[PDB]
Structures are given as structure tokens and as C-alpha cells.
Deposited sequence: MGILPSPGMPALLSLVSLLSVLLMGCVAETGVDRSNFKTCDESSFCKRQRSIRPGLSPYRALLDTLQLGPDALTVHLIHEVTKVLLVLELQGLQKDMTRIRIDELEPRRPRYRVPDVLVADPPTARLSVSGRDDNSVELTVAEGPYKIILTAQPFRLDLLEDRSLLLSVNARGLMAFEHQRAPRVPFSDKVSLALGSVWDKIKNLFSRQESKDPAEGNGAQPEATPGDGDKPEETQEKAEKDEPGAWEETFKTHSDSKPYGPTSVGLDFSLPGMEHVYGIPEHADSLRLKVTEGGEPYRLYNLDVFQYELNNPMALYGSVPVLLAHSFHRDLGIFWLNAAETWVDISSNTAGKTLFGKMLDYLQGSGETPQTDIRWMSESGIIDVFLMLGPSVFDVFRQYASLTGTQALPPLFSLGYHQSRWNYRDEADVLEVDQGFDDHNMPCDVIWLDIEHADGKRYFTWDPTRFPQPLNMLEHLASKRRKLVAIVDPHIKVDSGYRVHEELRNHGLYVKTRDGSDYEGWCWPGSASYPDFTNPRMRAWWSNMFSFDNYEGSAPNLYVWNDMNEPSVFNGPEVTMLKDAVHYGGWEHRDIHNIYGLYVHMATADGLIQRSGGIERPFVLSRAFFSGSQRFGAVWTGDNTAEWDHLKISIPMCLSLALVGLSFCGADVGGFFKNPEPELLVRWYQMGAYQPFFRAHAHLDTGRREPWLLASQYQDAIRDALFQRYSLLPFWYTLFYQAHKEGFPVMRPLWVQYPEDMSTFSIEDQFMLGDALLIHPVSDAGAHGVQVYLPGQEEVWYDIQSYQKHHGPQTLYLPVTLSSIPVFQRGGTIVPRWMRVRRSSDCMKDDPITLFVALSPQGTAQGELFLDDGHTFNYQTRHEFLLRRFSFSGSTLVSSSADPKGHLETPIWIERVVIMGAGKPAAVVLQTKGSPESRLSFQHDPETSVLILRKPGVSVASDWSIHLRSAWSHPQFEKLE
């Protein structure tokens, strides 16, 4: 495979320098005479004992039990980069106190305890404790390295590309020790296993947004996005490390009583790291969310099914695809237009022959209550007849080279320039370009796909921009690389909001991403391949993104490259139906694979998967509201829900949605069954197809057929469904709800439901929403408000209750505030212990209770 066009660590000169420093006695030491306790931080000088370089450590305790460590030069020749726009706020601090000291150490207490930080002077070292329990150490292996800005370490070439490297060696690095941790996770994006591997005998994990053609599986090469967040889990605690650096970064992981050591090595910027002390993984989720924000609440339609390919050829094709879904009784919310819809890959334009009347095409889709997504990439064709290019050139908004000319590289339209999305004036220009007057042919049901925003540069080093290109404020491209795509995502999402006057929630899919990208929409795992192992790896890839806050994740259903055999396509639909971002997509040269083109047995299996997804939309929507409000991931590893079950710490052929559904999709050709691990002491699980109850913990052998999607509902949960599947989610969002109550062994259950208009910010600006709590105990099901601030005018009502694990009552009695007591009819299956309550008929906005007598 052709990987010589991507640097290994040995070919990255700063990585080679850093990684050659091996564990030993650190030359850095803290000058305790310089110690100062301030309003927000402790500052103390550090010195390299041999070079006498002076650094400043800024140490802070933060509210929510986190620590921030920043290290910069005391007297720098010029400022180092500090990552902007990723933190949503200046983190609230807690007061540090000197609570102990000797000749070689100072002990600090965060607020009034229980967290303590021991600063050792010689050699420099930090220890983080809760009371007397050591949580984590910093520089314990003496791997700290800080190359100060001096007056291929300098000028450097790779392949035929030359980096002038005008500032010389400036790389920074630091190691962390996690006593008691044997399992670490995160730092996407890699086509690798959920539990991260030791790097001792190979390459570090690389974080550098890059476009890797036909990327392969189980390897640590950098892919399109970079989230520098690592989670550590043991039976006893959870911790997170957030390395806030936007430059090329390499991560070494080593194991050693059990202990995992983590080392970060970055090309430039300062050392800026957050330690998130848990103790539970949900505490870590909250800690990280307070720093970088939460998943933007998707408009409801974007949680439906998306039909895409490169490329639908013209307006007639799009309308034939739209009509095909209806003629074959298959739901779909969005049809996508890839780059061939534009005029020669000039974005914001339309091909004058194949898309001459885009407003009319959009009106036809609106009459079917469907949406369209158009692709808009950040490379702008160098073309004096192209108004976008002329405006950006005339206003000086392009990334520049050192000699002051606009950077020019190669992409889809041929020669192209790259707007400087780090410049706030450029982002404002971009957002205004999405106004309905500027983006001619767009309409409120047209949303956006940002691709190639690493940025991809076909004739650039590693298929990206030169390191020494120059951005706003004079920063080099090497300084900002990993947030370029995030800025594209951000400016596009703001454009869709602004064009509506601030009312409509955006939908933007982005390929490249960074910490904070969850605020701006969805991501996907790029150009996968139509093969069974790529189907399998979608779970650990989206799980690794979920753990670091990017909940709106998916992979191309069917695979982007090559033609999937029909059985694989069926299994990929079933897999994708239970993943957050659900889009079929395909390469230009693949055969057409709209789902009604297959033989009827495959069509029926795919239709069944689509129906299951649409029915679960109220559940998906509520999980995403909880992600938006709390920072909790939608798709979850089993170990997040069972932190003490060590046999779950590596599982990646199964996952949870919230705490209620466990999914084990079939991912092998010709499979006759699957082995489902059902966790939980005293837990029960219900097969949602057969209603068969199963106790945990066990590995259940479950026979499957082509139409099987192994899904289990956990005892103690209530899942809301729309059982009336229609052609799109807009058609369903006023329909009645069916509640699926899965009884715990104690005869209890609980769940939530969020409802709003499905597409605006009115839930936030006007508190126009409902959050209901449904709870079952004794023999009574009760609906109450989980947030009284929310009211909503809605016709949604409760048409049905399905209770699993219940005996046959003598009578069923409904009480609603404002109504007389009513009697409900019911059906009971003694074989399955399933109770169906007929037509409660009560508004979802009303308090009510149902009693089984």
C-alpha cells in the first residue's frame, strides 16, 4: 500500500527528536523561590538545568474537580500559540492553598479538599491526589521537553515538498502516569480498536487531520479528524486528559501495580492540558463538556435516513429517487447532492444544464416534506469569473505564503485557493454567503455538507497545506492545522442559523474536526470500503468519538469504495439504523444501490431496518437532548454502563444507546447466530422481537436470519416509539407515542421523553418544549414533568402502552388531571408476559397515571 506519502514518526523531525528522549532523570526543576500564589493560579519558574532555559508553569485548580497545567517560556522571543475558540468559557477556578512544604516540594490543596497537588522541585514533577490516594503523576518518567524559540530541525523537506521552518525547533511534550489504569480510550480519529493499544513496539498514535486515500484498518495513521482527549477506565475510577494543542501531535502509550503512561508530543504551541478527575466516567463527561460544550441538538429530520451518492446526475434523478422511496414504501428524510451538482466544482453554484431550477427541485422535495443537502467545500477555484474567488481575493481573506501572495494548491476544481477560516472576518463572510440572497437557488430545506476541510490539498505535503503557509495574525499553518476544519464547520453552521434570522437549527456534516466540533453538527468516518471488516469497525470508531463528546457520528452505509454484495448491504443498513448519523453513500464508479434496487428478500430486510429506526425517533431525539443538556454520549460502550464488569472493557461488537438498548448487529456473511453478552448482576434483558426475558450476566447464543437485528431492552427502562412509520420525520412529528415499559425484577421502570417543534431554537429562546418523566412502580405508571419550565402546544398523545414482564391485571384504570377516571381495555399474552394497554388517549403534555389492579 502507498503510505510513503505520509510521515512516520521517524520522518517527522520534531517527533524523532522528542521520541528519542527516553524515560529517565528530568533536567527540569522548579525554582521554589519564584513561587507565587495568585487569584486564579499558582505560577512558578522552571529551568532546564543544562541549557538554563527558563519556563513558567501556571497551575490551577478548577471548579468541577479538574486541574489545568500550562507551561510557556518565561522570556519568549515571540508569542507561542494558545488555542482559541475551542473552550466555550474561561473555566471557573478554585483557590489553591499551600498546605505543606519541605525543601524539595510544596503541597497544594484545591479549595478545602479533598484534592491535592504535590509539586516536586527537583526533578520537576506533579502528583495529583484525592486525600491520600495518588490519582495521576506528571513528568514521572522525565519526558518533559520544551524547545525554546531560538534566534531537519530547521529547513526540512519531505518527498518534493519543502518546509522553510522559519522559527526552527519549537516542539513541546509531556508525560502522564495513571496508576491502576490498564485501559485507555479516545484520541480519534483512527481506524483502530476502541481500547487503545500500547505504542511501545511501533508508531505513536498520530493526531493530524489528513486525507488518507483508501485508508486501511487496525493501524495508528492519522485520519481526517483529531480530538486530543484520552479517557482512562478501571474498576475503581475514571479519569480524562485533554491536551489543548492544535498542532501536529503524536501520542505514545505504554503499560507497566498496573499502570499506563501517556506521552503527548506537539510541534508548536504551549503546553496546555486539563486533568479531569472523575471519579465516574459521567463526571468526566460533565467535566469535559463544561470546557468544550455539548452536542448541538440536531433538527429532528437529520436523525432520519439520508440517501446519498457521488453523484445524483440531475434534478430528474433526484425526483426519481424521491419517488422511488414512496413507491417502495421506504422512509427517507434527506437526499444529498455531491460535488457534481455544482458548476465545475465552484461551490455555491449549480450546473446550468443538470440543475437549472434548484428552487423548483427544492419545492418538490418540500411538498414531500423532505430536505436536501448540498456539498460546499472550503477550496475556492482560482477563476476570475467566479465571484466567490474574486471577493475573497479582493478582500485579502485567503491563506497566504511567506512572500505575501495568496496560497494556491490543487483540488477538485483544479487550481484552488483556501480561505483563512482562522480569520473571524473570513468566517463572517462565509456565514453571510449562506443568505438566501447570496446563495442563489438555496431554500430553508437545503442544508450543508463540508468536505475536504482538513484541508485537503492534492499537490501538498501529505495531501494537505504547507506547514509554513501564513494565517491571520501571522501564525503559521503548523500552529493551527487541527482547527482549520472546525472553523469551516462553525462558520457554515452559523450561516444556516443567520440566514433564518436566528430561528432555524443548523445541520452540517463535516469531515475534519477537533475538540469542540460537537457544537456544530455531525461527523462521519470518511471514505470507508464495502467490506465486512469496515462494517465491523464502524462501532469502535464511532464509540471513540462518542467518548470524547462527538455523539453525532456514523459511517457510509454500504461502504464508500467498491460494490457491496447484497447481504453485506442489508447488514450495513441494520448496523446504520442503530448508529447516530445514518447515511448511505457511495463512490462515483460504484453501481447504483438505492435500497429498492435489490431482490425482494433484501429489500424487505432493509425496509424493516428503516422502519425500526423511524419508530425509535422519539428515543433518539431524547438521547440527543440529554447529550445537549448534560454532555452524555448517545452511543455508549458497555463499560460506561457497567464500569465494574471487567469483561466489558474491550467490547466493540456491541454497544448501548443510552442505558436502555443493547445492540449486537450481525457483521459476518452467512452468520447463523451471534454471541450476545448481556451484563449486569440481577439485571434482566428483553429481546425486543420475541419479548423473551434473559437474566444477566450471560453470553447468549442468539440464532439469526437475514432480517435479524439483535436488540435488547434493559429491565427498568421505558422507551418511547412512533409506531406509525411515515415517509419522513416531518410527517410523523405530531403523531401519538407508544410507551415500551420493560419491568425490572423489582417491578419498576423509568424513562424520559423530549418534544419540541423539531427544528427551531424555540426550546431555548421561549422554553417551548416538553420533558416528560415516565415512571413505573408497584402497579402504577405515572407521567409527570421532568422540567416545569417547558410547555408546548402539541397534538401528540399516548395511544398505547406495552409492558414487558407483567402479569395479567384484573382491571386497568387511568386518571388524568382534568378528566374523570377511565377504564382501559387490554390484551395479555401469558406465554411472553406482555401486557398491551389499549388507547390511553391522554395528551403527552398532561400529568396522568395508569393503575393495574
- Note on the structure: In sequence order, the deposited stretches missing their CA atoms are 1-31, 183-244, 350-368, 966-977
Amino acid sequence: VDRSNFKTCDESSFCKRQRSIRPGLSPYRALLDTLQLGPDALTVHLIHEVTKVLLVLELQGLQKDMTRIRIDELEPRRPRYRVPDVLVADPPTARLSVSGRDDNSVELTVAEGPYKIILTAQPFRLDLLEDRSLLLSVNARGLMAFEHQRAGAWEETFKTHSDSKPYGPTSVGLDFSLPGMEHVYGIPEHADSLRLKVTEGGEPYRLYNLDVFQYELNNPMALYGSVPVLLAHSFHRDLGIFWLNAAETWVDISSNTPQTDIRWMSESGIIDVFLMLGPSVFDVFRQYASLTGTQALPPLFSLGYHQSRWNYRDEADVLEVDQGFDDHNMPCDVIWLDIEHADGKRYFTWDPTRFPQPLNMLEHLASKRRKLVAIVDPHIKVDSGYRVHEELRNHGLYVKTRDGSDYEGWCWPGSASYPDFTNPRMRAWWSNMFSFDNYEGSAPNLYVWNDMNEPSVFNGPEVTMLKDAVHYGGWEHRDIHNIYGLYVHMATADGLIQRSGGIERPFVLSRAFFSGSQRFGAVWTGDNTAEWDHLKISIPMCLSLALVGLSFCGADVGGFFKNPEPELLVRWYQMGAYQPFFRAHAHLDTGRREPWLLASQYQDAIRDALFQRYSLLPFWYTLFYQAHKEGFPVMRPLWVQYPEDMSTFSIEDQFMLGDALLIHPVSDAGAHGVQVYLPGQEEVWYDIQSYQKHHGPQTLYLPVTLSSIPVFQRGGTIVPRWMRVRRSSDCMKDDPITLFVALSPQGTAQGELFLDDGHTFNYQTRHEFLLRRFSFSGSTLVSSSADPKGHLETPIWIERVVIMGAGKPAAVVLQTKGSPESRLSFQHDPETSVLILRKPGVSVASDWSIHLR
From here on, numbers count along this sequence of modelled residues.
- Message: Checking the other compared PDB entries, only those that cover the residues flanking it, does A153 lack coordinates in at least one third?
- Response: yes
- Query: Of 588-596 and 97-105, which one has the bigger average CA B-factor?
  - Reply: 97-105
- Note on the structure: Quick note on 839-847 and 826-834: per-entry mean CA temperature factor is higher in 826-834
- Note on the structure: Of the three thirds of Cα B-factor ranks in this chain, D527 occupies the lowest
- By the record's CA B-factor, is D131 among the lowest, middle or highest third of residues in the chain? highest
- By its CA B factor, does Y602 count among the lowest, middle or highest third of the modelled residues in the chain? middle
- Lowest, middle or highest third: where is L275 by C-alpha B factor in its chain? lowest
- Message: Test of reading the entry: by CA B factor among the chain's modelled residues, which third contains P643?
- Response: lowest
